[PDB]
Amino acid sequence: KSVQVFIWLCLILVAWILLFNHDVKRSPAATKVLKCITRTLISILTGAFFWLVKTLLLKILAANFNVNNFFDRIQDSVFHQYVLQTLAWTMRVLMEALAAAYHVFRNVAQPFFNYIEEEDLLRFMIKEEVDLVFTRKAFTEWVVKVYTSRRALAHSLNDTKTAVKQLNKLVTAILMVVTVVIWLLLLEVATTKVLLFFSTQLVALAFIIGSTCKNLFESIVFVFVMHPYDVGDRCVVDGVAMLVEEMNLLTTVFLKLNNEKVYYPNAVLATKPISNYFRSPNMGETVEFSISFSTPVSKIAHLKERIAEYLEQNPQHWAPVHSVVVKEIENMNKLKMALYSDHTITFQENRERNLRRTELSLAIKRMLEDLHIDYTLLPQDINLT
Amino acid sequence: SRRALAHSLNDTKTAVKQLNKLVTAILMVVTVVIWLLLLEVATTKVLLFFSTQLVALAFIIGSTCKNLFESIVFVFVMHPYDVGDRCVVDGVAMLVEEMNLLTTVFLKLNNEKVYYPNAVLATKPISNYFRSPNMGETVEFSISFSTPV
Amino acid sequence: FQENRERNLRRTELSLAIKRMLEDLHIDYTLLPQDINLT
C-alpha cells in the first residue's frame, strides 16, 4: 500500500509538471500560485518518501522481533491446535490467541487407563503425530504449562506491538513536523533574519532535548538490538532476580521474588550486565556442609557413593553428572565440603527450584547422619587457680 | 576442540556479516545522497535545513555510534578471547558464548546466562584461562607454633 | 583452569592427600590455654 500510494502521488506530480511545463505565462499572478502549488506537491512527495522510510524501518524492526519470537509462538500455536484436536496468517493467529482442562483430559482418556489412550489419539490424529506430541496427571500438568507458555507468548507479542506502536507514534510526530517545516521553507514565507532566529532557536531546542533523545535512543537500541530478555522471563540485575513485566521504550517494569513492582530506566539497564534464566541452559545447584578434620577417608568415599546413588536414582530432578570437593581446611579441625549437581530445569521455576534444593539438602543431611559423620569443636585447655 | 573451532569461525563470520550489513547500509545511504546532491535537486535554504538536521542526527546517534565503534575495536583489535574460552571478569569466571558486535553472551559456572555490553568490557581488565599457561594451585593449612622444625 | 571440574577434583585430591600426610606425621593444632580463677 505504501509503494502504491507513493507511485500514485509521483505520477500525479509528473502529470502536473508535464501540463504546466509549457512556457505559457497566463498571468504574473498565475505564476505565483503555480509556484506555490508545485512547492506544495514536492513537499507532500517528500512527506510520502519519509512515510515510506518510516514504514520500512518499522517493518524491519517487526521482522527482527518475528525472527526472535514468532518461531516459538507458531510452535506453541501448533502444539495447542494438536492438543485441541486430540481432545501473516501465523502472526494473526498468534495475535488472536487448569482444573477444567485436567477434567476434560481425564474424560477423554478411557476410564481406568493411567497412560494416554492410543485409540483416542489415533481416531483424532495419526500415530506418528500422536507420538511426536507425546500418567494423566503429567499430561494435565504439561497442558497447563503449554497454556501458560502460550499466554506468555501472547503477552510478549502484545508488548512488542505496543512498543512498536509508541515508536511509530514518535517517528510519525517527527516526520510530520519535518514535513510541515519543509513545506513552509519551500513556500519561502519567512525573511532571512527571522529564519536565522528560528535556526538558533532550533539549535537551542536540540541542545536541550538532545540529552533525553540520546537516552531514548540508547534505550530503544538496548530493547531492540540487544534484546536481552522477553516478557515473562526471570532475569537477574545487580544480583537480585526479578520477572519482566512491561516493555516500554524508556522503562521496564519488573516483579521481584516478593511480588514487589520495580521500575528501571532502560538507559541505565544498558550499562549494566543482564542475566536471563529463561534463555539459560539447565542450571547448576550447590550445597555446602562442614565436617570434622578427623573423619576417615573411608567415610568420605561412602558419602560420595551415597550421593552418587541418590542423584542417579532421581533422574527426574537431577542430572547424573555431579562433583564433590573440599574447599579448605580451617585450623585442621573443620573441612569445608561442597556438592555440585544440575537440575533438569532452570531457575525460572523459583519455587520448584527451592523445593528441590530443600529436598536434596534434607536427603544429604539424612545420608550424613546415617554414615555417622560428625563435627567437633576444638578442645579447650583450662588451668584452674 | 574442532567443534569449538567451528563455532568460533561461525561467530566470527556472523560478526563480520553484521559489520558488513551496517557498513553497506551507511555506504548505500551516502551513495544515494551523493547522487541527489550531484543531480542538484534542492535549493540552498532547504539544503541548509537538511544540513542542520544531519547535524542533529549526528549529535543524537553519535553516542551510540561511539559505543558501537569502541565495542568493535575491543572485539577485533584487542581480541582478548575466543568462543568457548573460559574468562574471568570482575573476579567471576564465565565461558564465552556469542560474539555480537554490541554485546557478548557468557555462561557462569552455574550455567547461568549473562549479557555484557562490549563497550563496558573494554574498560575492564579481562583474564583468559584458555590462553594462559599451566596454572598454579595453592592450599592453606594451619599448625601449632610448638611444632618441631 | 579451563577444565574447572578437573581442576577442582585434582585440588580436592591434593587437599585430602595433604590432610592424610599431616595426620601421619602427628602434626597438631591447639587452642591457647585459658586461666580461670574461681570465687
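May I ask you to derive the relative contact order of chain B, considering only C-alpha pairs under 8 Å and at least 6 residues apart, and to give it as an integer percent?
It rounds to 21 percent for chain B.
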*At 7 Å along the Cα-to-beta-carbon direction for both A:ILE126 and B:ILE126, put a label point, then send me their distance in nm to one decimal.*
4.9 nm
*When a/c is below 1.5 the answer is rounded, else prolate if a/b is larger than b/c, else oblate, so apply that to segment A:47-115 with a ≥ b ≥ c taken from the square roots of the Cα gyration tensor eigenvalues.*
prolate
_Efficiency of FRET from Cβ geometry, B:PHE76 and A:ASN282, R₀ 25 Å, rounded to 0.05_ = 0.15
*asked:* Suppose only helical runs count, i.e. DSSP H with n ≥ 4. What mean residue ellipticity at 222 nm does that imply for the protein assembly as shown under -39500 (n - 2.57) per run, divided by all residues and rounded to the nearest 500 deg cm²/dmol?
replied: -19500 deg cm²/dmol
*When all C-alpha to C-alpha distances in chain A are sorted into bins of 10 Å, what percent of pairs does each bin hold, rounded to whole numbers?*
4, 14, 17, 17, 15, 12, 8, 6, 4, 2, 1, 0, 0
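Using 1/(1 + (r/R0)^6) with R0 = 35 angstrom and r between the beta carbons of A:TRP16 and A:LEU202, what's the FRET efficiency to the nearest 0.05?
The pair A:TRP16/A:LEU202 has a calculated efficiency of 0.65.
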_Residues A:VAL133, A:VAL14 arranged by fewest to most Cβ contacts within 10 Å_ = A:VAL14, A:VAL133
*Once label points are set 7 Å from the Cα along Cα→Cβ at both B:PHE69 and A:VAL189, what is their separation, rounded to one decimal in nm?*
3.9 nm
*What is the Cα centroid distance between segment A:245-295 and segment B:103-146, reported in whole angstrom?*
20 Å
*So what's the projected area for segment B:23-149, the Cα convex hull averaged over all directions, in nm²?*
13.6 nm²
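Find out how many positive minus negative residues lie around A:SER2, taking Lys and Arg as positive, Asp and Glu as negative, among other residues whose Cβ is under 14 Å from that of A:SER2. Walk me through the numbers on the way to the answer.
Values: positive: A:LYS1, A:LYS54, A:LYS59; negative: none.
With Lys, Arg at +1 and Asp, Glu at -1, the net is +3.
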*asked:* Can you find, among A:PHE224, A:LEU157, A:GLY210, the residue sitting farthest towards the positive end of the charge dipole of segment A:152-239, where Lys and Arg contribute +1 and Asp and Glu -1 at Cβ?
replied: A:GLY210
*Per the Debye formula with a single identical scatterer at each Cα and no solvent contribution, what log10 I(q)/I(0) holds for segment A:14-74 at q = 0.15, 0.27, 0.30 Å⁻¹?*
-0.63, -1.06, -1.15
*Say the dipole of chain B comes from +1 at the beta carbon of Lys and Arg and -1 at that of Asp and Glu; which of B:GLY136, B:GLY91, B:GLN18 then lies farthest toward its positive end?*
B:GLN18
*asked:* Using the Cα centre of segment A:118-259 as the reference point, and only Cβ charges (+1 on K/R, -1 on D/E), how large is the resulting charge dipole? Debye, rounded to the nearest 20.
replied: 480 debye
_Area projected by the alpha carbon convex hull of segment A:174-264, averaged over all directions, nm²_ = 8.1 nm²
*How many angstrom separate the Cα center of segment A:1-52 from the Cα center of segment B:74-100?*
57 Å
*Which percent of Cα-Cα pairs in segment A:77-169 sits in each 5 Å bin, short to long?*
2, 12, 20, 20, 15, 11, 8, 5, 4, 2, 1, 0
*Under 14 Å from the Cβ of A:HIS372, count the other residues' Cβ atoms, weight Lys and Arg +1, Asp and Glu -1, and hand me the total.*
+1
_At a threshold of 8 angstrom on Cα-Cα distance, excluding pairs fewer than six apart, so keeping six or more, what relative contact order does segment A:275-358 reach in percent?_
43 percent
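Step through the table entries A:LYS214/B:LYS113; A:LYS214/B:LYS13; A:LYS304/A:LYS334, compare each Cα-Cα distance with 25 Å, and write down the pairs that go over it.
A:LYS214/B:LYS113; A:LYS214/B:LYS13
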*What net charge do the residues around A:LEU167 carry, taking every other residue with its C-beta under 13 Å from that of A:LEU167, with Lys and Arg at +1 and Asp and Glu at -1?*
+4
*Taking 1 over the mean of 1/r across every pair of different Cα atoms in segment A:302-385, what Kirkwood radius in Å do you get?*
15.1 Å
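Virtual Cβ from ideal backbone geometry, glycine too; neighbours counted across all protein chains shown. No value in this document is a laboratory result; all are computed from the given coordinates.
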